[PDB]
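Colleague: missing the sequence, but the structure's below:
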């Protein structure tokens, strides 16, 4: 699964917020 | 809000520049009807799933 | 329905009196796009939850 | 176009073309010129702010009451026969009173128009057909008579005519917008280029705000403005120093 | 409408309706017995 | 009132004025020609 | 039926054909220079023909107007400056030329 | 000068498969690594394209209809077709466009032209020098009112060579729309006799002519005591564009490597 249009989205006001728990912390659980 | 609900009627009533004003009201309203329908079907679908 | 999708094109062409008529068409439609987006995201949220 | 001594007829109108020059639209409001100035597709005062690639002006003279019939969607013996604008027409229409000049004694036969036709003419087309208009079933045989009339008629022009019957010199302004580079623009002087900083840029008519840097994209010789998958502005070609 | 013996006065001016029929105005424009015939938003002969 | 007289000059004589006011393509036509008709399929 | 608090009435006289240019959003030597209505202006525009009175012989000079101005006048703002309008780069020195 | 020359054999009409061709770059906008859908006048894929000749016997240059654009592709050798003709009456009733390729340069001019019944370009063949030289230029009899003129950057072209089969392949697209006459061009070599190669390539822009002239028809100018000539072996194609929607594939370098016809 794969987590550029992204660059273009940020020009129109689209924002993506980061997750609180990282991928490593998920692996710890 | 349109003068009439029949499309060919308005096209056969108002002039080309005047008709588009009324035709847009039908397209706008009829468009909201689909949004209301699709909105309910998606919600009702959650109850069935 | 506006003369164009760029706000600068409306301001650079129509005056104070006439630009408001066209700008209103863009705002109303774009606002509906956000309503459609937020609505679908809330529906998808129920599936993820 | 505007200040020319004599225009052409509206039946067959001369279209003057203006490209690759400096267009000053502020002189119009600085020194009053146009008596009647109205813009259907654009604003009257915004011609100076926004500038266009190619300019097309149709110079012709018509009777006073015939001016309101030239416009998108309008009908009449003008729009429907000789000179017709398209329904989507985007442009301006100008008129002023030449009555003290064009009118000669009882009439002026240099300006003529099509008073009759058997159908609706298409926009931006000059019909030279002199065929006798036949209203009824009586054969005209190429001559005037009952329900038979000659389509091309001359404007009556007189110094004593009323405001509606007096001649008004009319010029229709057509233009091309953002379909090519801009060869017609006012005295807007180019400045130095700024890089590695956020700036408000106007490039070949493209206005916006953004950081200007050297792009790694390679445009083909004929390519100019690059765009991303979002159809927005990606990279542009400087028209002055390529 | 047009050929009536007498008409109404201008202050009381009547309005007559024309529907479900066939209209031929040709005799009006070609006839020289009429002083003024003019069509502002339409052509005189195109009415037929 | 009017000064209508048979002896009045041009412009002072009575002129019967009628105004034809119609509206084109603004609803189903109530006035048409007696020509076009086709068979039922 | 509905009544208002403050009522301001601006009285003046203009040329016959200049009455059409008085209205919100209009463009012309009137709205641009001497007298201008706001776009949001709420009110009533009135005119009537004084020709049987105001007209005197060849002209009436009691009613004047600003023909030329360097910018657009603000709505409902009276500018009495008589400074000579300079269309060129040559200084006018307060005299015609 | 004008000379009416008819001695030829008539051939029956013929057609060929267009395969995938007639695709051009709509705008100068740059795009890469994207699939863009465009709706405009194009040559439908797998259509029938007309097939014409210049032989020895057969000299084909009539007036052909021009509607919604026309596709030009020419299999030739030694540059047989040096120009084209465009307009409506072409009798000097109205203005018309004329495009001729001179050895050194191409000439684009708009005037009121009276065209010869059979325009051709004369050339001397093996007179005392064993070589060839261009002499007679015969296209129009007179030109009255001229407005637009353009001259291409100078170059050098060879009118000579004995090569047996066709070598150069030219593909052009001309359109008259809203008074704007646009030109799209590409050039590729070929090895074959009478047949159109099979392949897909996009046409690049070359000249944009806003002549505002009404063109309902076109005609071709072919290269050739004052009567009679030997026509060099040549063949050319005439297509007709249509409002078809294609999906264009822009690669990393910003070129069209594929197209899909909806």
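Modeller: Good, I have the coordinates. Numbering: from 1, shown residues only, chains lettered A, B, ... in the order given.
Colleague: Report the beta-bridge partner residues of residue D:171.
Modeller: Counting by DSSP bridges, residue D:171 is bridged to residue D:59, residue D:94.
Colleague: and it, what is it in contact with?
Modeller: Residues near residue D:171 by CB atoms under 8 Å, 6 or more residues apart in numbering or on different chains: D:1-2, D:7, D:57-60, D:93-94. All C-beta atoms are positioned from the backbone trio N, CA, C, and that covers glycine.
Colleague: give me that answer again for 10 Å
Modeller: Counting by CB atoms under 10 Å, 6 or more residues apart in numbering or on different chains, residue D:171 touches D:1-4, D:7, D:13, D:16, D:34, D:57-61, D:92-96.
Colleague: And residue D:98, by the same measure?
Modeller: Counting by CB under 10 Å, 6+ apart, residue D:98 has contacts D:6-7, D:35, D:61, D:157, D:166-170.
Colleague: Check residue A:26 too.
Modeller: Contacts of residue A:26 (CB under 10 Å, 6+ apart): residue A:19.
Colleague: what about it, which SS state?
Modeller: helix (DSSP: H, G, I helix; E, B strand; the rest coil).
Colleague: So for the closest residue to chain F within chain B, what's the nearest residue that isn't a sequence neighbour?
Modeller: Per CB to the nearest CB, residue B:13 is where chain B lies closest to chain F, at 5.2 Å. Distances taken as CB to CB, 6 or more residues apart in numbering or on different chains put residue F:26 closest to residue B:13, at 5.2 Å, once the chain neighbours are dropped.
Colleague: thinking again about what came up before, distance of the residue of chain B closest to chain F relative to residue D:74?
Modeller: 18 Å (CB to CB, to the nearest Å).
Colleague: Quick check: which element contains the residue of chain B closest to chain F?
Modeller: Using DSSP states H and E, residue B:13 sits within no helix or strand.
Colleague: What residues does the closest residue to chain E within the stretch 101-250 of chain H make contact with?
Modeller: Minimum separation of the stretch 101-250 of chain H from chain E (CB to the nearest CB) falls at residue H:214, amounting to 26.9 Å. Contact analysis of residue H:214 by CB under 10 Å, 6+ apart lists D:124-126, H:66, H:86-89, H:94-96, H:176, H:179.
Colleague: for residue H:44, same thing?
Modeller: Counting by CB under 10 Å, 6+ apart, the residues that residue H:44 touches are H:18, H:22, H:239-244, H:246, H:261.
Colleague: Kindly reformat those as TSV and extend each row with secondary structure.
Modeller: Formatted as TSV, those follow (three-state DSSP):
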residue	secondary structure
H:18	coil
H:22	coil
H:239	strand
H:240	strand
H:241	coil
H:242	strand
H:243	strand
H:244	strand
H:246	strand
H:261	strand
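Colleague: Name the member of these with the most neighbours.
Modeller: In terms of neighbours by other CB atoms under 10 Å in any protein chain shown, the contacts of residue H:44 top out with residue H:22 at 29 neighbours.
Colleague: quick one: is the biggest helix by length in chain B near chain E?
Modeller: Identified as the longest helix of chain B according to DSSP state H is helix B:16-48. No. Judged by CB under 10 Å from any CB of the partner chain, helix B:16-48 stays clear of chain E, getting no closer than 14.6 Å.
Colleague: So which bits of that helix are buried?
Modeller: Neighbour-count burial for helix B:16-48 flags B:19, B:22, B:26 (criterion: 16 or more other CB atoms under 10 Å in any protein chain shown).
Colleague: does the last one really touch residue B:6, like I thought?
Modeller: What that stands for is residue B:26. Yes. Proximity of residue B:26 to residue B:6 meets the contact threshold set by CB atoms under 10 Å, at 9.1 Å.
Colleague: Can you give me the neighbour number for residue 4?
Modeller: Using chain A. Counted with other CB under 10 Å, residue A:4 comes out at 9.
Colleague: Not quite, go with chain D.
Modeller: 13.
Colleague: State the distance from it to residue D:241.
Modeller: In terms of CB to CB, residue D:4 sits 38 Å off from residue D:241.
Colleague: do residue H:57 as well
Modeller: On the measure of CB to CB, residue H:57 and residue D:241 end up 56 Å apart.
Colleague: Of the two, give the one with the bigger neighbour count.
Modeller: residue H:57 (13 against 6).
Colleague: Now the more buried one: closest residue in space that isn't a chain neighbour?
Modeller: Sequence neighbours aside, residue H:9 is the residue nearest to residue H:57 in space, at 5.3 Å (criterion: CB to CB, 6+ apart).
Colleague: need the contact list for the one you found.
Modeller: Residues near residue H:9 by CB under 10 Å, 6+ apart: H:53, H:55-59.
Colleague: Among these, which one has the most neighbours?
Modeller: residue H:59 (22 neighbours).
Colleague: can you pull the contacts of that residue?
Modeller: With CB under 10 Å, 6+ apart, residue H:59 has these contacts: H:5-9, H:53, H:118, H:120, H:222, H:224, H:229-232, H:234.
Colleague: And those, which is closest to residue H:158?
Modeller: residue H:232 (13.3 Å; CB to CB).
Colleague: hang on, the earlier thing: pipe the contacts of residue H:44 into TSV and attach distance to residue H:162 per row.
Modeller: Formatted as TSV, these follow (distance: CB to CB, whole Å):
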residue	distance to residue H:162
H:18	31
H:22	32
H:239	31
H:240	35
H:241	36
H:242	40
H:243	44
H:244	42
H:246	41
H:261	41
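Colleague: Can you tell me how far the residue of chain A found nearest chain G is from residue D:231?
Modeller: Per CB to the nearest CB, residue A:13 is where chain A lies closest to chain G, at 29.7 Å. Counting by CB to CB, the gap between residue A:13 and residue D:231 amounts to 16 Å.
Colleague: Look at these two and report which has more neighbours.
Modeller: The neighbour comparison of residue A:13 against residue D:231 (other CB under 10 Å) goes to residue D:231, with 12 against 6.
Colleague: residues contacting whichever residue of the stretch 51-200 of chain H sits closest to chain C?
Modeller: At 18.5 Å from chain C, residue H:178 is the closest residue in the stretch 51-200 of chain H, using CB to the nearest CB. For residue H:178, the contacting residues are D:86, D:124, D:176, D:179, H:210, H:212, by CB under 10 Å, 6+ apart.
Colleague: buried subset of the residues you listed?
Modeller: D:124, D:176, H:210, H:212.
Colleague: Inside strands: which ones of these?
Modeller: When the buried ones among the contacts of residue H:178 are checked against strands using DSSP state E, none is located there.
Colleague: Which helix or which strand is home to the residue nearest to residue H:101 when sequence neighbours are not counted?
Modeller: Excluding the flanking residues, the one nearest residue H:101 by CB to CB, 6+ apart is residue H:82, at 4.4 Å. Residue H:82 is part of strand H:81-87, with elements assigned from DSSP H and E.
Colleague: From the contact counts, what lies against that strand?
Modeller: Helices and strands touching strand H:81-87, by 3 or more CB pairs under 10 Å, 6 or more residues apart in numbering or on different chains; DSSP states H and E, are strand H:70-76, strand H:96-101, strand H:106-125, strand H:132-151, strand H:166-177, strand H:217-223, strand H:234-240.
Colleague: Residue B:36 is nearest to which of those?
Modeller: strand H:166-177 (42.9 Å).
Colleague: do the helix or strand that comes right after the closest one and chain D meet?
Modeller: Note on strand H:166-177: by DSSP H and E, the next helix or strand toward the C-terminus is strand H:180-192. Yes. Applying CB under 10 Å from any CB, one finds strand H:180-192 touching chain D at residue H:180.
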